[PDB]
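Letters are used for the chains, namely A, B, C and D, taken in the order the chains are written, and counting of residues starts over at 1 for each.
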Amino acid sequence: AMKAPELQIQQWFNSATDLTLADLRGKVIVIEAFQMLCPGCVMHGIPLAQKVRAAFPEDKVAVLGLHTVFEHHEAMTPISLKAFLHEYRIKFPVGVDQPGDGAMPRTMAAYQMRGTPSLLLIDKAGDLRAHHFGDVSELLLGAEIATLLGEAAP
Amino acid sequence: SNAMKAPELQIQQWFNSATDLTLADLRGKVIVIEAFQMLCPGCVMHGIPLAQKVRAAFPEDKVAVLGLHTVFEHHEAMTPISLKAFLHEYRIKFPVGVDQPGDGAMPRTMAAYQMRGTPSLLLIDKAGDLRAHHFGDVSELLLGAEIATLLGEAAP
Amino acid sequence: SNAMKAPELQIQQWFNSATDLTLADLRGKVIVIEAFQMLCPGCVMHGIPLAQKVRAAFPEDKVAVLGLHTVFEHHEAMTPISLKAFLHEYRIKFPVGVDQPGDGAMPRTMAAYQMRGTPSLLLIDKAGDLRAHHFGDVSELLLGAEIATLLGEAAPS
Amino acid sequence: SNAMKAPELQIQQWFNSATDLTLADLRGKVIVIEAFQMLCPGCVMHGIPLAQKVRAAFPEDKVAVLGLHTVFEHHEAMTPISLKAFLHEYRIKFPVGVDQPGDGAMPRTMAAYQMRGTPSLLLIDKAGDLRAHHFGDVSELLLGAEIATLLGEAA
């Protein structure tokens, strides 16, 4: 039906461990898929993910970044991303999506994302429940997160 | 004046420019230089958009707008390959010069101008003298006033 | 036993390789890894020519030879665009992996292996265990002896 | 004279030098210029060591030794960013000038001297005329002889 595909991560930043979705079962998971050089991610996507992180507690809601480099690959390598996350004070876990055989990296391809910024919501069972591309109403995102937090744990 | 000649640009490479621009090529124009780092949040939010507003407000024949990429930290994260993509993604079309690597962390032009950080905005007159040097937030009213003052002066 | 476990490679990208190579992929081969920086004079003068001799002296079916670009200084001078040109000019044709950036200066695989600098030469047995770890100058007679010893050992499974 | 006047250097940036050096600055000294690319194996193995051998054999006051980084291929791989680190790693301390990038692949000093490739070694006399232009391997005996001859000529 709707099981969220496993993350395929080359390298994690801001994380002691190699996080998987299975590690996060029982939490609502918000994934911000972004490119560090995408003006919409920097202006809207990343700040939204920071608002979510600030508005909901860690024990109930996981917020993750997924750096899905599908263009200008040499300009946005993990060494660039490391500096990005430092300069923009981004503290939540951020996974480098595993580069693919072509332009799109593996997690992006598995989720059939249209590009960036994309926001994915996974429920406590690990099912994919929303997938927003571009601008997101904060009111409606809040509504969706609440709907998922009000559901029973597996 | 007690004004002094603007030191010559020391550029490693140019983006968005058919030629290797010098301040001497630009003699007779008022020159606006936006010194920035591409991973500096204040440069991306305020400094570059301000330089674009100047470009849109004044004609090319009268006012030159240049970007100067002055990387003084995280050098490996802001190499010319990254800058090229950044200019493309942000649709920045005016000429942008990569400042040459310095003896230490600060690059050559930045040091020559004794710049204190980024974003910094420099204004050079028709005669090639440095007339303003702003670090950080700049009032658009004040900036327009200064540019008009320099435009109102007789060509050299 | 003196056979410590070999950490999994943490690589950002590969040159001269169709696939993302892992040590698990290479199980059953003796693996020689040359960890180098492209601007390190000892790597250019000695380490890389040694890796190429190993590659020429042993068959690909039995011995894998891998380069690991472990940039721990002057990071901006030794980025992958620079490495690509270096591998071309020096005709280095075996797979070369760029070590992932670390928390600090040292990259991740280099730190995992507790390397002292470059060049370093690491030898991993058919079972995936680290068996030698040489820093700097290496005796070709003694390295050839170590590779034979490892090749002499029974396959795993 | 006998010999073509050496064309002016067209340098984007100098390393290991307090000033923007010119051939005119060095009138009255014999000048040895080693044109090289930092990723060129023959430059690293033979050309730069030769320049260093010259610098060690002859006093600073009589013989100037300059490097000229003439990047004509893999341009993006050998910028001054990478050259700064290379000079440090290899402990090259003599003045090194980045040749001004050209319109095409060849930078401007390289094109002005019609160099065949790297390493190339140029010899300029005390009067500023080009007296030798070598490509690839150079005989140290021959080079020493050529330098002595130029050093033997009047002011």
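Here is the rule we go by: a contact is a pair of C-beta atoms (placed from the backbone, for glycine too) under 8 Å apart; a residue touches a chain by one contact, two chains touch by 3 or more.
Heads up on the chains, UniProt names are A, B, C, D = Thioredoxin domain-containing protein.
Student: Determine which of the two chain pairs, A-B or B-D, is joined by the larger number of C-beta pairs in contact.
Tutor: Counting C-beta pairs in contact, A-B comes out ahead.
Student: As a quick test, compute the distance in whole Å between the mean CA positions of chain A and chain D.
Tutor: So the centre of chain A lies 53 Å away from the centre of chain D.
Student: What whole-Å value do you get for the distance between chain C and chain D if each is reduced to the mean of its CA atoms?
Tutor: 36
Student: Would you mind pulling out the distance in Å between where the CA atoms of chain B average out and where those of chain D do?
Tutor: 34
Student: Can you list the chain A residues in contact with two or more other chains?
Tutor: Residues 74, 79, 82 of chain A touch two or more partner chains.
Student: Every pair of chains that touch: which are they?
Tutor: Applying the touch criterion to every chain pair yields A-B, A-C, B-C, B-D, C-D.
Student: Tell me, which parts of chain B touch chain A in their complex?
Tutor: 39-41, 44, 74, 76-78, 81-82, 84-86, 88-90
Student: In their complex, what parts of chain D are in touch with chain B?
Tutor: Touching chain B from chain D are residues 12-13, 76, 79-81, 84, 101.
Student: What part of chain C is in contact with chain B in the complex they form?
Tutor: My answer: residues 75-76, 79, 81.
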